[PDB]
Each structure stands twice: as C-alpha cells, then as structure tokens.
C-alpha cells in the first residue's frame, strides 16, 4: 500500500489532524505546537499534533517493512536569550492513541510512569544532563537520550526545511536540515529497525515543549511552529 498526505498550510479544525494539549492552529495558517500569547512564547507549555489516521509501517504476514519520506518546515523564535531557551520540537512515530507524555526535556513523548516505544527525530534547544552541546539534531529510539547527534546553528525566527527519509532495505534513517536564509546544511543518519521497535500500525506527528516550571525560569521558552508538512509511505508486502 501507498499512503500520503500534504499540507501547504493549516486551517482551524483540520479534520486530518489530532491536536493535543497546547497545540493549536493560528488564524494565519501556522501550526503552533506550544503556547504563545500576544506574540510571546510561554513557559510550562506542551503540545502535539498527530495525523488523524494510523499508518502501517510493517506487515507481520509478509514481514515487509515500509519505506517513507517526510518533509516539513518549522520555525523557532527565541525572544529571550538569557538564561536559556527550551526545549525544542520533534517529529515522531509511536503506537496509535497515545497521550502527551512528560514535558520539558522529554518533549511530550516520553512518559516514565508508563513508557511506550517510539522513533523520533529531535531538534533540541536545551541542554539536559544527558545532552551534548545544543542546539543539535538527534535520532531517538525509545528514549530521549539520542543514538546519534549532530550540532547545528539555529536561524532564530528563520525558516527551516527538513527532509526525513527511511529506506527499509538498508534500514537507514537519514535526516537533512536546511536554513535557506543562511544556506547552511546539516545532515545525520543512523540505522533503525522499525520492525524491531514499533507495532504494525502507528501514528506520525510532531511534539514540542517549553521550559518546565521546575527550572524556575520563565525565560526558558521559544516558539515551535510547523509551517508545512508532507508525508509518504510505501509498504510492498
């Protein structure tokens, strides 16, 4: 089977999306994952957006795994440089019907009290105890402590283009990050066996989070906007 969707922009009450927590669509078409009031990003915010319908990444009958490609544009504006912006956004794949997890450094996808598996590509802006210098792109498998990491310089408020591609034959998950205004290109890849970590049917989407209250810093925040998003998956068997 081949499934695919495209979003050139977003409208209020998009029937193909599942918004959770602080996630919402602005009047001028952008998907704001985290809370922003009067043009100002708030702390203690967590939001997710999932594609309404589940997609099948693999079939147990034939044992075949799907190959997929996803592209999206996001923007992170960091109004308060000091002490430190937080926390970042991620593109992720998880079992269907999950609830928003812990916020802060966990981006809203990890729940210590009852963990569910997931594969995620993160754009980390805050340095937790388990993180290397930030910002950085990271490939996460069942944990927020990345298997592979690469540093990148953020184009504050600028637009970022991301291409995530997964080839089932080689099991290579490669992501590309581009800031057209700066002409900078960042690349990272790692081997991930989807069949080994996720169930046959999953949900795909984004999740982000701002500074957690425990950090005692209202300045630890930023925006996490998704401007556009296309997804395509192919399962031969």
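Residue numbers count along the first chain shown, from 1.
Note to self: So, looking at the entry's B-factor column for Cα atoms, which has the higher mean, 24-32 or 169-177?
What the structure shows: So the stretch with the higher mean C-alpha B-factor is 24-32.
Check: Would 36-44 or 199-207 have the larger average of its C-alpha temperature factors, as given in the entry?
Finding: Mean B over CA atoms: larger for 36-44.
Notebook entry, point to check: Which one of 147, 75, 142, 114 shows the biggest C-alpha B-factor in the PDB entry?
Noted result: Highest C-alpha B-factor among the listed residues goes to 114.
Check: Out of 110, 92, 152, 123, which shows the largest CA B-factor listed in the entry?
Finding: The C-alpha B-factor peaks, among 110, 92, 152, 123, at 110.
Check: Mind checking which third residue 83 falls in for C-alpha B-factor across the chain?
Finding: Highest third - that is where residue 83 ends up once the chain's C-alpha B-factors are sorted.
Next item on the list: Within this chain's modelled residues, let me know which third the CA B factor of residue 232 belongs to: lowest, middle or highest.
Entry: Its C-alpha B-factor, which the entry lists for residue 232, ranks in the lowest third among residues of this chain.
Checklist line | Chain-relative CA temperature factor third for residue 156 | finding: Middle third by C-alpha B-factor.
Next item on the list: Quick one: classify residue 223 as lowest, middle or highest third of the chain based on its Cα B-factor.
Entry: Its C-alpha B-factor, which the entry lists for residue 223, ranks in the lowest third among residues of this chain.
Checklist line | Assigned third (lowest, middle, highest) for the C-alpha B factor of residue 52 | finding: Highest third.
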